[PDB]
>>> print(open('input_21.txt').read())   # compact mmCIF, N, CA and C atoms
# COMPACT_ATOMS: atom_id res chain seq x y z
N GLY A 1 -56.47 59.38 68.90
CA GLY A 1 -56.05 58.91 70.20
C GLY A 1 -55.65 57.44 70.17
N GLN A 2 -55.32 56.85 71.33
CA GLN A 2 -54.86 55.47 71.33
C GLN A 2 -55.90 54.52 70.77
N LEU A 3 -57.18 54.78 71.05
CA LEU A 3 -58.22 53.90 70.56
C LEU A 3 -58.38 54.00 69.04
N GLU A 4 -58.29 55.20 68.48
CA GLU A 4 -58.39 55.35 67.03
C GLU A 4 -57.19 54.74 66.31
N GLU A 5 -56.00 54.80 66.91
CA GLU A 5 -54.82 54.19 66.30
C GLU A 5 -54.88 52.67 66.35
N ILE A 6 -55.31 52.11 67.48
CA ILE A 6 -55.58 50.67 67.53
C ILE A 6 -56.62 50.29 66.48
N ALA A 7 -57.69 51.07 66.37
CA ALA A 7 -58.70 50.83 65.34
C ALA A 7 -58.09 50.78 63.94
N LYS A 8 -57.22 51.74 63.62
CA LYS A 8 -56.60 51.75 62.29
C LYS A 8 -55.75 50.51 62.07
N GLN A 9 -55.07 50.05 63.12
CA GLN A 9 -54.26 48.84 63.02
C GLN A 9 -55.13 47.59 62.81
N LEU A 10 -56.28 47.52 63.48
CA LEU A 10 -57.17 46.39 63.25
C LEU A 10 -57.77 46.43 61.85
N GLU A 11 -58.01 47.62 61.31
CA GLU A 11 -58.47 47.71 59.92
C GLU A 11 -57.40 47.18 58.97
N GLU A 12 -56.16 47.62 59.16
CA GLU A 12 -55.09 47.11 58.31
C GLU A 12 -54.98 45.59 58.39
N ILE A 13 -55.12 45.03 59.59
CA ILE A 13 -55.12 43.58 59.72
C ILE A 13 -56.31 42.97 58.99
N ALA A 14 -57.46 43.63 59.02
CA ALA A 14 -58.60 43.09 58.28
C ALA A 14 -58.37 43.14 56.77
N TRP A 15 -57.59 44.12 56.28
CA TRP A 15 -57.32 44.17 54.83
C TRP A 15 -56.29 43.12 54.41
N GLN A 16 -55.29 42.84 55.26
CA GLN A 16 -54.45 41.65 55.09
C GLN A 16 -55.30 40.39 55.01
N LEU A 17 -56.21 40.24 55.95
CA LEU A 17 -57.00 39.02 55.97
C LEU A 17 -57.85 38.92 54.71
N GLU A 18 -58.32 40.04 54.18
CA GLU A 18 -59.16 40.05 52.94
C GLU A 18 -58.33 39.63 51.72
N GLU A 19 -57.08 40.09 51.62
CA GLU A 19 -56.19 39.73 50.50
C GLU A 19 -55.88 38.22 50.52
N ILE A 20 -55.72 37.64 51.70
CA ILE A 20 -55.43 36.19 51.85
C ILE A 20 -56.69 35.41 51.49
N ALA A 21 -57.84 35.91 51.89
CA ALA A 21 -59.09 35.16 51.68
C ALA A 21 -59.51 35.12 50.21
N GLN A 22 -59.09 36.09 49.43
CA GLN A 22 -59.67 36.06 48.07
C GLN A 22 -58.63 35.69 47.01
N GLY A 23 -57.50 36.36 46.95
CA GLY A 23 -56.59 35.92 45.88
C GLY A 23 -55.17 35.96 46.32
N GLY B 1 -65.53 46.96 81.20
CA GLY B 1 -66.61 47.20 80.25
C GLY B 1 -66.40 46.94 78.77
N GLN B 2 -66.78 47.94 77.98
CA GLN B 2 -66.83 47.79 76.53
C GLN B 2 -65.46 47.50 75.94
N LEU B 3 -64.43 48.20 76.42
CA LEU B 3 -63.08 47.92 75.95
C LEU B 3 -62.68 46.50 76.28
N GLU B 4 -63.08 46.00 77.47
CA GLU B 4 -62.71 44.64 77.83
C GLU B 4 -63.49 43.62 76.99
N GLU B 5 -64.77 43.87 76.75
CA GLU B 5 -65.53 43.01 75.84
C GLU B 5 -64.86 42.94 74.48
N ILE B 6 -64.42 44.08 73.97
CA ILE B 6 -63.77 44.11 72.67
C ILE B 6 -62.45 43.34 72.72
N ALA B 7 -61.70 43.50 73.81
CA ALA B 7 -60.46 42.74 73.97
C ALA B 7 -60.73 41.23 73.94
N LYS B 8 -61.81 40.79 74.58
CA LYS B 8 -62.15 39.37 74.51
C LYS B 8 -62.52 38.96 73.09
N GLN B 9 -63.25 39.82 72.36
CA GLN B 9 -63.55 39.53 70.96
C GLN B 9 -62.27 39.33 70.16
N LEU B 10 -61.28 40.19 70.41
CA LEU B 10 -60.01 40.10 69.70
C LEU B 10 -59.26 38.83 70.05
N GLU B 11 -59.21 38.48 71.34
CA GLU B 11 -58.61 37.23 71.77
C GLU B 11 -59.24 36.05 71.07
N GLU B 12 -60.57 36.01 71.03
CA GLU B 12 -61.31 34.88 70.42
C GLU B 12 -61.01 34.83 68.91
N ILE B 13 -60.94 35.97 68.25
CA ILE B 13 -60.52 35.98 66.85
C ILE B 13 -59.08 35.46 66.72
N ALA B 14 -58.18 35.89 67.62
CA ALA B 14 -56.81 35.39 67.58
C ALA B 14 -56.78 33.87 67.72
N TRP B 15 -57.61 33.33 68.60
CA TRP B 15 -57.63 31.89 68.82
C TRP B 15 -58.20 31.16 67.61
N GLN B 16 -59.25 31.70 67.00
CA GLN B 16 -59.73 31.09 65.76
C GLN B 16 -58.69 31.16 64.66
N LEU B 17 -57.93 32.26 64.58
CA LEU B 17 -56.86 32.37 63.59
C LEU B 17 -55.76 31.35 63.85
N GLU B 18 -55.39 31.15 65.12
CA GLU B 18 -54.43 30.11 65.44
C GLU B 18 -54.95 28.74 65.04
N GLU B 19 -56.24 28.49 65.25
CA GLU B 19 -56.82 27.22 64.84
C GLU B 19 -56.78 27.06 63.32
N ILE B 20 -57.20 28.10 62.60
CA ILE B 20 -57.12 28.11 61.13
C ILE B 20 -55.71 27.75 60.68
N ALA B 21 -54.74 28.56 61.08
CA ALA B 21 -53.38 28.35 60.61
C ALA B 21 -52.86 26.97 61.00
N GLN B 22 -53.31 26.42 62.13
CA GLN B 22 -52.85 25.12 62.60
C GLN B 22 -53.56 23.97 61.91
N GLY B 23 -54.48 24.26 61.00
CA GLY B 23 -55.10 23.23 60.19
C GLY B 23 -56.53 22.88 60.56
N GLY C 1 -47.88 32.43 55.71
CA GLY C 1 -47.57 32.23 57.11
C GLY C 1 -47.95 33.42 57.96
N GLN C 2 -48.91 34.20 57.47
CA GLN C 2 -49.22 35.47 58.11
C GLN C 2 -50.13 35.32 59.33
N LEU C 3 -50.96 34.27 59.37
CA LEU C 3 -52.07 34.23 60.32
C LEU C 3 -51.60 34.12 61.76
N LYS C 4 -50.56 33.33 62.03
CA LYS C 4 -50.08 33.23 63.41
C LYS C 4 -49.51 34.56 63.88
N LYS C 5 -48.76 35.25 63.01
CA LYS C 5 -48.21 36.54 63.38
C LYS C 5 -49.32 37.57 63.58
N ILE C 6 -50.42 37.46 62.82
CA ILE C 6 -51.58 38.31 63.07
C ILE C 6 -52.23 38.00 64.41
N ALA C 7 -52.39 36.71 64.73
CA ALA C 7 -53.04 36.33 65.99
C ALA C 7 -52.25 36.83 67.19
N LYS C 8 -50.91 36.76 67.11
CA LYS C 8 -50.12 37.30 68.22
C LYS C 8 -50.27 38.81 68.31
N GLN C 9 -50.27 39.51 67.16
CA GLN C 9 -50.48 40.95 67.20
C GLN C 9 -51.84 41.29 67.81
N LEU C 10 -52.87 40.48 67.52
CA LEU C 10 -54.19 40.73 68.09
C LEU C 10 -54.20 40.48 69.58
N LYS C 11 -53.45 39.49 70.04
CA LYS C 11 -53.40 39.27 71.48
C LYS C 11 -52.75 40.45 72.18
N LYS C 12 -51.64 40.96 71.63
CA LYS C 12 -50.99 42.11 72.24
C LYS C 12 -51.90 43.33 72.27
N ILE C 13 -52.61 43.60 71.16
CA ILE C 13 -53.57 44.69 71.16
C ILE C 13 -54.63 44.47 72.24
N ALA C 14 -55.19 43.27 72.31
CA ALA C 14 -56.28 43.04 73.25
C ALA C 14 -55.80 43.24 74.69
N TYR C 15 -54.56 42.87 74.97
CA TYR C 15 -54.01 43.08 76.31
C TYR C 15 -53.83 44.57 76.60
N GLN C 16 -53.39 45.34 75.60
CA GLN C 16 -53.28 46.78 75.80
C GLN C 16 -54.66 47.41 76.03
N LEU C 17 -55.68 46.97 75.28
CA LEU C 17 -57.05 47.45 75.51
C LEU C 17 -57.50 47.14 76.92
N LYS C 18 -57.17 45.95 77.42
CA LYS C 18 -57.54 45.57 78.78
C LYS C 18 -56.86 46.46 79.81
N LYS C 19 -55.59 46.77 79.58
CA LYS C 19 -54.88 47.69 80.46
C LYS C 19 -55.53 49.06 80.44
N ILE C 20 -55.86 49.57 79.24
CA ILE C 20 -56.56 50.85 79.16
C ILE C 20 -57.88 50.80 79.93
N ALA C 21 -58.64 49.70 79.78
CA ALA C 21 -59.93 49.58 80.46
C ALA C 21 -59.77 49.55 81.97
N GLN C 22 -58.62 49.13 82.46
CA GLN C 22 -58.39 49.26 83.89
C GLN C 22 -58.28 50.73 84.21
N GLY D 1 -64.06 32.03 53.46
CA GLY D 1 -65.24 32.39 54.23
C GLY D 1 -65.01 32.81 55.66
N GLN D 2 -64.17 32.08 56.40
CA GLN D 2 -63.98 32.41 57.80
C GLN D 2 -63.06 33.61 57.98
N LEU D 3 -62.00 33.70 57.18
CA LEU D 3 -61.13 34.86 57.25
C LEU D 3 -61.88 36.13 56.86
N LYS D 4 -62.80 36.03 55.89
CA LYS D 4 -63.60 37.18 55.50
C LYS D 4 -64.58 37.58 56.61
N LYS D 5 -65.25 36.61 57.24
CA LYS D 5 -66.08 36.94 58.40
C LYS D 5 -65.25 37.57 59.52
N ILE D 6 -64.01 37.11 59.71
CA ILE D 6 -63.16 37.71 60.72
C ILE D 6 -62.80 39.15 60.34
N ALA D 7 -62.45 39.40 59.08
CA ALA D 7 -62.10 40.75 58.69
C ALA D 7 -63.29 41.68 58.86
N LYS D 8 -64.50 41.18 58.60
CA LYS D 8 -65.69 42.02 58.84
C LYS D 8 -65.88 42.31 60.33
N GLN D 9 -65.61 41.30 61.18
CA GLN D 9 -65.66 41.53 62.62
C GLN D 9 -64.62 42.55 63.03
N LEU D 10 -63.43 42.48 62.44
CA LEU D 10 -62.36 43.37 62.85
C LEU D 10 -62.70 44.79 62.49
N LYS D 11 -63.38 44.96 61.35
CA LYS D 11 -63.79 46.28 60.91
C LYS D 11 -64.91 46.83 61.78
N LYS D 12 -65.89 46.00 62.13
CA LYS D 12 -66.88 46.43 63.13
C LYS D 12 -66.21 46.83 64.45
N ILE D 13 -65.23 46.05 64.90
CA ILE D 13 -64.58 46.36 66.16
C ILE D 13 -63.82 47.69 66.05
N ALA D 14 -63.16 47.92 64.92
CA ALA D 14 -62.44 49.18 64.76
C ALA D 14 -63.41 50.35 64.73
N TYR D 15 -64.60 50.17 64.17
CA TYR D 15 -65.62 51.25 64.23
C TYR D 15 -66.02 51.52 65.68
N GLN D 16 -66.19 50.46 66.46
CA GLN D 16 -66.65 50.57 67.87
C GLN D 16 -65.60 51.30 68.72
N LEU D 17 -64.32 51.00 68.50
CA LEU D 17 -63.24 51.71 69.22
C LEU D 17 -63.28 53.19 68.83
N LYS D 18 -63.40 53.48 67.55
CA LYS D 18 -63.43 54.87 67.03
C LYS D 18 -64.66 55.62 67.57
N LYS D 19 -65.75 54.91 67.84
CA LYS D 19 -66.97 55.54 68.40
C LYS D 19 -66.84 55.76 69.92
N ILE D 20 -66.30 54.80 70.68
CA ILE D 20 -66.06 55.02 72.13
C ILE D 20 -65.35 56.35 72.20
N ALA D 21 -64.29 56.45 71.41
CA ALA D 21 -63.51 57.69 71.35
C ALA D 21 -64.42 58.86 70.96
N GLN D 22 -65.32 58.66 70.00
CA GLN D 22 -66.16 59.75 69.46
C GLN D 22 -67.62 59.57 69.83
N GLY D 23 -68.09 60.26 70.87
CA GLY D 23 -69.53 60.18 71.20
C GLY D 23 -69.81 58.95 72.01
>>> encode(input="input_21.txt", output="structure tokens")
Amino acid sequence: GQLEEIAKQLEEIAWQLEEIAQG
Amino acid sequence: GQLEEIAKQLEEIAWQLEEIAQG
Amino acid sequence: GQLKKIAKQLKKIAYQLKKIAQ
Amino acid sequence: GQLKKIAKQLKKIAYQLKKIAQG
């Protein structure tokens, strides 16, 4: 649903942020 | 309620990210 | 230069969540 | 450090959205 899709998008943003934070 | 609390959490993260990127 | 574009995307999401919560 | 703490917050938030939806 809309909440699960927003959730998936925030996870993807958190994985971007993880790649920037480490290497 | 809970969705609005979460929206505020997201806004506050966005603002910290703007602060980070701005130096 | 990703962080500002992320912060704007997060603001748009948060506004949509607020609309849903209404 | 701060971007990693943010990504962890974002992942917790995405779990919370997925749970509102589920249960």
>>> residues_around(input="input_21.txt", residues="residue D:20", least_positions_apart="2", cutoff="10 Å", atoms="only C-alpha atoms", output="PyMOL selection string")
(chain A and resi 3-4) or (chain B and resi 2-3) or (chain D and resi 15-18+22-23)
>>> residues_near_point(input="input_21.txt", point="(-55.3, 31.6, 62.3)", cutoff="8 Å", atoms="only N, CA and C atoms", output="JSON, numbers by chain")
{"B": [13, 14, 15, 16, 17, 18, 19, 20, 21, 22, 23], "C": [2, 3, 4, 5, 6, 7]}
>>> atom_distance(input="input_21.txt", atom1="atom CA of residue B:7", atom2="atom N of residue C:1")
24.5 Å
>>> atom_distance(input="input_21.txt", atom1="atom N of residue A:10", atom2="atom C of residue D:10")
7.0 Å
>>> atom_distance(input="input_21.txt", atom1="atom C of residue C:19", atom2="atom C of residue D:4")
28.0 Å
